[PDB]
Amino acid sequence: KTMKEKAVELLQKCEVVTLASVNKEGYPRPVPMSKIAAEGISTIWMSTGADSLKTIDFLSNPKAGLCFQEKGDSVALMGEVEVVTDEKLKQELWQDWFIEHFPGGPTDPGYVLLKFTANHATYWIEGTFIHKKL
């Protein structure tokens, strides 16, 4: 019944999100991303190549946006990405099909985690628009 409660319920139904970085040229870069894990709408985990355009963007500019949607309801968060290389986290969040993209396995240095931490939310849910700092 709470807006954030509906937004959390919406994230739980979404397996993909769209992640945006800002490149050194100043352009925002939205890319579709598999959602590995999320805690509410506060923290969301993804993986990418250490040499990806995403990674190189985030190493210099942490500012980030992320949206998701299902059945005409949508949410866009703003926040920051931390590029995570921790050996224990890489192992913990490893998934089997990751081997396709990261042939070195869970200790592949070409494998990194992206941790997105939200600071704002814009909700387009069930006829209501709310734009709210978190």
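Numbering starts at 1 and follows the sequence shown.
Comparing the deposited coordinates for 48 to 56 and 95 to 103, the stretch with the larger average C-alpha B-factor is 95 to 103.
Mean CA temperature factor is higher for 86 to 94 when stretches 71 to 79 and 86 to 94 are set side by side in the entry. Of the candidates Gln12, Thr18, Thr122, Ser21, the PDB record gives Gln12 the highest C-alpha temperature factor.
Sort the modelled residues of the chain by CA B factor and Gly40 lands in the highest third.
When the CA B factors of the chain's modelled residues are split into thirds, the value for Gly26 lands in the middle one.
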